[PDB]
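Below: my_file-v5.txt (compact mmCIF, N, CA and C atoms)
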# COMPACT_ATOMS: atom_id res chain seq x y z
N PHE A 352 -10.08 -13.34 -34.18
CA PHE A 352 -9.48 -12.17 -33.57
C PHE A 352 -9.69 -12.20 -32.06
N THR A 353 -8.62 -11.94 -31.31
CA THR A 353 -8.67 -11.85 -29.86
C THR A 353 -8.44 -10.40 -29.46
N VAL A 354 -9.46 -9.78 -28.88
CA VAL A 354 -9.42 -8.37 -28.51
C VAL A 354 -9.39 -8.27 -26.99
N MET A 355 -8.41 -7.55 -26.46
CA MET A 355 -8.27 -7.31 -25.03
C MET A 355 -8.30 -5.80 -24.80
N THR A 356 -9.27 -5.35 -24.01
CA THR A 356 -9.43 -3.93 -23.71
C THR A 356 -9.49 -3.74 -22.20
N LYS A 357 -8.63 -2.86 -21.69
CA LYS A 357 -8.64 -2.47 -20.28
C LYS A 357 -8.77 -0.95 -20.21
N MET A 358 -9.83 -0.49 -19.57
CA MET A 358 -10.08 0.94 -19.45
C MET A 358 -9.39 1.51 -18.22
N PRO A 359 -9.09 2.81 -18.22
CA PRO A 359 -8.46 3.41 -17.04
C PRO A 359 -9.34 3.24 -15.80
N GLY A 360 -8.69 3.00 -14.67
CA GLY A 360 -9.38 2.80 -13.42
C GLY A 360 -8.59 1.85 -12.54
N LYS A 361 -9.31 1.18 -11.64
CA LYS A 361 -8.67 0.18 -10.79
C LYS A 361 -8.17 -1.01 -11.59
N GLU A 362 -8.65 -1.19 -12.82
CA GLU A 362 -8.17 -2.29 -13.66
C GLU A 362 -6.70 -2.10 -14.02
N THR A 363 -6.28 -0.87 -14.29
CA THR A 363 -4.91 -0.58 -14.70
C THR A 363 -4.09 0.07 -13.59
N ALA A 364 -4.57 0.03 -12.35
CA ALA A 364 -3.85 0.59 -11.22
C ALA A 364 -2.97 -0.50 -10.61
N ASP A 365 -1.66 -0.27 -10.62
CA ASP A 365 -0.70 -1.24 -10.12
C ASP A 365 0.48 -0.50 -9.51
N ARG A 366 1.55 -1.23 -9.23
CA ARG A 366 2.73 -0.63 -8.61
C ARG A 366 3.40 0.39 -9.52
N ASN A 367 3.21 0.29 -10.83
CA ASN A 367 3.83 1.21 -11.77
C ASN A 367 2.99 2.45 -12.02
N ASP A 368 1.68 2.37 -11.83
CA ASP A 368 0.79 3.52 -11.93
C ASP A 368 -0.26 3.41 -10.84
N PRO A 369 0.02 3.94 -9.65
CA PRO A 369 -0.95 3.81 -8.55
C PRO A 369 -2.29 4.47 -8.83
N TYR A 370 -2.35 5.40 -9.78
CA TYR A 370 -3.57 6.14 -10.06
C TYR A 370 -4.39 5.56 -11.21
N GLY A 371 -3.84 4.63 -11.98
CA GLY A 371 -4.60 3.97 -13.02
C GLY A 371 -5.17 4.92 -14.05
N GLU A 372 -4.32 5.77 -14.62
CA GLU A 372 -4.77 6.84 -15.50
C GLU A 372 -4.81 6.46 -16.97
N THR A 373 -4.36 5.27 -17.34
CA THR A 373 -4.23 4.90 -18.74
C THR A 373 -4.88 3.54 -19.01
N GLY A 374 -5.27 3.34 -20.27
CA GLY A 374 -5.80 2.07 -20.73
C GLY A 374 -5.22 1.72 -22.08
N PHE A 375 -5.70 0.62 -22.64
CA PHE A 375 -5.22 0.16 -23.94
C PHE A 375 -6.21 -0.82 -24.53
N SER A 376 -6.07 -1.06 -25.83
CA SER A 376 -6.84 -2.07 -26.55
C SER A 376 -5.93 -2.70 -27.59
N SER A 377 -5.93 -4.03 -27.65
CA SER A 377 -5.06 -4.77 -28.55
C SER A 377 -5.86 -5.85 -29.26
N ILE A 378 -5.34 -6.27 -30.42
CA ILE A 378 -5.95 -7.31 -31.23
C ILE A 378 -4.85 -8.21 -31.76
N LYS A 379 -5.11 -9.52 -31.78
CA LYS A 379 -4.14 -10.49 -32.26
C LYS A 379 -4.87 -11.67 -32.87
N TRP A 380 -4.15 -12.44 -33.69
CA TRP A 380 -4.72 -13.60 -34.36
C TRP A 380 -3.60 -14.42 -34.98
N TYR A 381 -3.96 -15.62 -35.43
CA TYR A 381 -3.06 -16.51 -36.14
C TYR A 381 -3.59 -16.73 -37.55
N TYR A 382 -2.68 -16.87 -38.51
CA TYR A 382 -3.08 -17.06 -39.90
C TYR A 382 -2.07 -17.94 -40.62
N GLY A 383 -2.57 -18.74 -41.56
CA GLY A 383 -1.70 -19.51 -42.43
C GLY A 383 -2.55 -20.27 -43.43
N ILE A 384 -1.90 -20.64 -44.54
CA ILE A 384 -2.56 -21.39 -45.59
C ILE A 384 -1.66 -22.54 -46.02
N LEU A 385 -2.28 -23.59 -46.56
CA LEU A 385 -1.58 -24.73 -47.14
C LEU A 385 -2.00 -24.84 -48.60
N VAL A 386 -1.03 -24.71 -49.50
CA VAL A 386 -1.29 -24.78 -50.94
C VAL A 386 -1.22 -26.25 -51.33
N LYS A 387 -2.37 -26.83 -51.69
CA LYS A 387 -2.43 -28.25 -52.03
C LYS A 387 -2.14 -28.48 -53.50
N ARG A 388 -2.71 -27.65 -54.38
CA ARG A 388 -2.57 -27.80 -55.83
C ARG A 388 -2.11 -26.46 -56.40
N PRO A 389 -0.81 -26.17 -56.33
CA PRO A 389 -0.34 -24.86 -56.82
C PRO A 389 -0.61 -24.63 -58.30
N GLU A 390 -0.70 -25.69 -59.10
CA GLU A 390 -0.91 -25.51 -60.54
C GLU A 390 -2.30 -24.97 -60.83
N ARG A 391 -3.24 -25.11 -59.90
CA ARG A 391 -4.58 -24.58 -60.08
C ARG A 391 -4.67 -23.09 -59.76
N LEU A 392 -3.59 -22.48 -59.29
CA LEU A 392 -3.50 -21.04 -59.12
C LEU A 392 -2.78 -20.47 -60.34
N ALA A 393 -3.51 -19.76 -61.19
CA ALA A 393 -2.98 -19.22 -62.43
C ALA A 393 -2.82 -17.71 -62.31
N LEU A 394 -1.69 -17.20 -62.82
CA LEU A 394 -1.34 -15.79 -62.68
C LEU A 394 -0.81 -15.27 -64.00
N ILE A 395 -1.25 -14.08 -64.38
CA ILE A 395 -0.70 -13.34 -65.52
C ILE A 395 -0.15 -12.03 -64.99
N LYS A 396 1.10 -11.72 -65.36
CA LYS A 396 1.76 -10.49 -64.96
C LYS A 396 1.85 -9.56 -66.16
N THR A 397 1.43 -8.31 -65.97
CA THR A 397 1.36 -7.36 -67.06
C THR A 397 1.50 -5.94 -66.51
N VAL A 398 1.73 -5.00 -67.42
CA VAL A 398 1.71 -3.59 -67.09
C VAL A 398 0.28 -3.07 -67.22
N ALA A 399 0.02 -1.92 -66.61
CA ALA A 399 -1.31 -1.33 -66.64
C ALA A 399 -1.25 0.10 -67.16
N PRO A 400 -2.28 0.55 -67.87
CA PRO A 400 -2.28 1.93 -68.36
C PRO A 400 -2.46 2.93 -67.22
N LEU A 401 -1.95 4.14 -67.45
CA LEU A 401 -2.06 5.21 -66.46
C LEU A 401 -3.52 5.51 -66.14
N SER B 102 6.20 24.60 -4.36
CA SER B 102 7.18 23.73 -5.00
C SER B 102 7.01 22.27 -4.61
N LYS B 103 6.22 21.98 -3.58
CA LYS B 103 6.03 20.62 -3.10
C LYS B 103 4.58 20.15 -3.22
N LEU B 104 3.75 20.85 -3.99
CA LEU B 104 2.38 20.41 -4.17
C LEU B 104 2.34 19.08 -4.90
N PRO B 105 1.48 18.14 -4.49
CA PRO B 105 1.39 16.87 -5.22
C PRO B 105 0.66 17.01 -6.55
N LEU B 106 1.37 17.52 -7.56
CA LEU B 106 0.77 17.67 -8.88
C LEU B 106 0.76 16.34 -9.61
N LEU B 107 -0.22 16.17 -10.49
CA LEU B 107 -0.43 14.91 -11.19
C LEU B 107 -0.77 15.18 -12.64
N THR B 108 -0.12 14.45 -13.54
CA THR B 108 -0.36 14.57 -14.97
C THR B 108 -1.36 13.52 -15.43
N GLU B 109 -1.75 13.61 -16.70
CA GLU B 109 -2.71 12.67 -17.26
C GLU B 109 -2.13 11.28 -17.45
N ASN B 110 -0.82 11.11 -17.30
CA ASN B 110 -0.20 9.80 -17.40
C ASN B 110 0.11 9.18 -16.04
N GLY B 111 -0.20 9.88 -14.94
CA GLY B 111 -0.01 9.30 -13.62
C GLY B 111 1.44 8.90 -13.39
N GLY B 112 1.63 7.70 -12.87
CA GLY B 112 2.95 7.19 -12.60
C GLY B 112 3.30 7.18 -11.13
N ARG B 113 4.53 6.76 -10.85
CA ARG B 113 5.03 6.66 -9.48
C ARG B 113 5.53 8.04 -9.06
N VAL B 114 4.60 8.85 -8.56
CA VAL B 114 4.88 10.22 -8.14
C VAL B 114 4.09 10.52 -6.87
N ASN B 115 4.68 11.37 -6.03
CA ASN B 115 4.02 11.88 -4.83
C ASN B 115 3.76 10.77 -3.81
N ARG B 116 4.82 10.04 -3.44
CA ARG B 116 4.73 9.06 -2.37
C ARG B 116 5.12 9.69 -1.04
N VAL B 117 4.48 9.23 0.04
CA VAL B 117 4.66 9.80 1.37
C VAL B 117 4.87 8.68 2.38
N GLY B 118 5.27 9.07 3.59
CA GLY B 118 5.44 8.15 4.69
C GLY B 118 4.80 8.68 5.96
N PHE B 119 4.93 7.90 7.03
CA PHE B 119 4.29 8.21 8.30
C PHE B 119 5.25 7.90 9.44
N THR B 120 4.87 8.33 10.65
CA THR B 120 5.71 8.21 11.83
C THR B 120 4.84 8.10 13.07
N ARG B 121 5.42 7.57 14.15
CA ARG B 121 4.75 7.50 15.44
C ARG B 121 5.78 7.68 16.55
N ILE B 122 5.29 8.01 17.74
CA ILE B 122 6.12 8.30 18.90
C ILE B 122 5.63 7.46 20.07
N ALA B 123 6.52 7.21 21.03
CA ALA B 123 6.21 6.43 22.22
C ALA B 123 6.47 7.26 23.48
N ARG B 124 5.54 7.21 24.42
CA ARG B 124 5.65 7.88 25.71
C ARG B 124 5.72 6.83 26.82
N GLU B 125 6.32 7.20 27.95
CA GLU B 125 6.46 6.25 29.04
C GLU B 125 6.48 6.97 30.38
N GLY B 126 6.16 6.21 31.43
CA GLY B 126 6.22 6.70 32.80
C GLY B 126 6.24 5.53 33.75
N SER B 127 6.73 5.79 34.97
CA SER B 127 6.96 4.72 35.93
C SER B 127 6.53 5.16 37.32
N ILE B 128 6.38 4.16 38.20
CA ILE B 128 5.93 4.40 39.57
C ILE B 128 7.12 4.33 40.53
N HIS B 129 6.93 4.88 41.73
CA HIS B 129 7.94 4.89 42.77
C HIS B 129 7.28 4.58 44.11
N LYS B 130 8.11 4.33 45.12
CA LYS B 130 7.66 3.85 46.42
C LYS B 130 8.05 4.83 47.52
N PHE B 131 7.15 5.01 48.49
CA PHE B 131 7.34 5.94 49.59
C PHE B 131 6.82 5.31 50.88
N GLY B 132 7.27 5.86 52.00
CA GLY B 132 6.74 5.43 53.29
C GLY B 132 7.58 5.97 54.43
N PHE B 133 6.95 6.07 55.59
CA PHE B 133 7.62 6.46 56.82
C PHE B 133 6.85 5.89 58.00
N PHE B 134 7.48 5.92 59.18
CA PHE B 134 6.92 5.30 60.37
C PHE B 134 7.36 6.06 61.61
N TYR B 135 6.80 5.66 62.75
CA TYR B 135 7.21 6.17 64.05
C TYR B 135 7.04 5.08 65.10
N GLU B 136 7.73 5.24 66.22
CA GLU B 136 7.80 4.23 67.27
C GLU B 136 7.41 4.83 68.62
N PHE B 137 6.96 3.97 69.53
CA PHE B 137 6.51 4.40 70.85
C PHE B 137 6.64 3.25 71.83
N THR B 138 6.61 3.59 73.12
CA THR B 138 6.61 2.61 74.19
C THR B 138 5.23 2.54 74.85
N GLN B 139 5.03 1.49 75.64
CA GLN B 139 3.77 1.34 76.37
C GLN B 139 3.61 2.44 77.42
N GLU B 140 4.70 2.79 78.10
CA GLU B 140 4.63 3.83 79.12
C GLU B 140 4.30 5.18 78.51
N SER B 141 4.83 5.46 77.32
CA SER B 141 4.55 6.73 76.65
C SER B 141 3.07 6.91 76.36
N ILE B 142 2.30 5.84 76.35
CA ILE B 142 0.85 5.90 76.17
C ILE B 142 0.12 5.86 77.51
N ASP B 143 0.51 4.92 78.38
CA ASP B 143 -0.26 4.69 79.60
C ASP B 143 -0.12 5.84 80.59
N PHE B 144 1.09 6.36 80.77
CA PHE B 144 1.34 7.38 81.78
C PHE B 144 1.21 8.80 81.26
N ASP B 145 0.99 8.98 79.96
CA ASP B 145 0.84 10.32 79.41
C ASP B 145 -0.46 10.95 79.88
N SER B 146 -0.43 12.28 80.05
CA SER B 146 -1.61 12.99 80.53
C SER B 146 -2.77 12.86 79.56
N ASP B 147 -2.51 12.92 78.26
CA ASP B 147 -3.54 12.91 77.24
C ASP B 147 -3.81 11.47 76.82
N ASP B 148 -5.03 11.00 77.07
CA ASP B 148 -5.41 9.65 76.67
C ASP B 148 -5.75 9.54 75.19
N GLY B 149 -5.81 10.66 74.48
CA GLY B 149 -6.02 10.68 73.05
C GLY B 149 -4.77 10.89 72.23
N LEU B 150 -3.60 10.63 72.81
CA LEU B 150 -2.34 10.94 72.13
C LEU B 150 -2.20 10.17 70.82
N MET B 151 -2.52 8.88 70.84
CA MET B 151 -2.33 8.06 69.65
C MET B 151 -3.23 8.51 68.50
Now that the file is in, can you turn its structure into structure tokens?
Amino acid sequence: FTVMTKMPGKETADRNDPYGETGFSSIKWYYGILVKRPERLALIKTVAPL
Amino acid sequence: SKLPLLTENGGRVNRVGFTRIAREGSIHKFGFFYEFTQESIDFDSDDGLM
């Protein structure tokens, strides 16, 4: 996970907000899997009681 | 109606400008003279004329 946080202040003060009144926090990542032996993944599909 | 009010979101609001002025003055030239003869000094009654 890559987390980027900028708090209000001179960090967020630019030509679009000279006063730097706002901040933000974001998170991002990459994910993926490679299925090598799909037959070894066994699944049963059924209904369930209330 | 023209107070620089500011909200919690800031933004491009309440921009101002400035001005300056230039002053000037110049100099001028003056003078005058007078003329005399040798006799007007030597033969005059008053030896302190000049």
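The list of chain A residues within 8 Å of chain B is residues 366, 367, 368, 369, 370, 371, 372 and 373 of chain A; this uses only C-alpha atoms.
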Which centre and edge lengths in Å to one decimal define the box along x, y and z that fits every listed atom of range 130-134 of chain B plus 4 Å per side, as JSON?
{"center_x": 7.4, "center_y": 5.2, "center_z": 53.4, "size_x": 9.4, "size_y": 10.6, "size_z": 24.5}
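Here CA of residue 102 in chain B stands at a distance of 26.2 Å from CA of residue 121 in chain B.
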Practice problem: Write out as a count of residues only all residues of chain A that backbone DSSP assigns to helix (DSSP H, G or I). | Solution: 6
Self-check item: Distance query range 379-396 of chain A at most 8 Å, all atoms listed in the file, self and fewer than 6 positions along chain excluded, as a list in words
Solution: residues 352, 353, 354 and 355 of chain A
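With CA of residue 105 in chain B on one side and CA of residue 362 in chain A on the other, the separation reads 23.0 Å.
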Exercise. Using DSSP on the backbone coordinates, identify all residues within chain A classified as strand (DSSP E or B); present the result as a list in words.
Key: residues 353, 354, 355, 356, 357, 375, 376, 377, 378 and 379 of chain A
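We find atom N of residue 115 in chain B and atom C of residue 363 in chain A to be spaced 16.2 Å apart.
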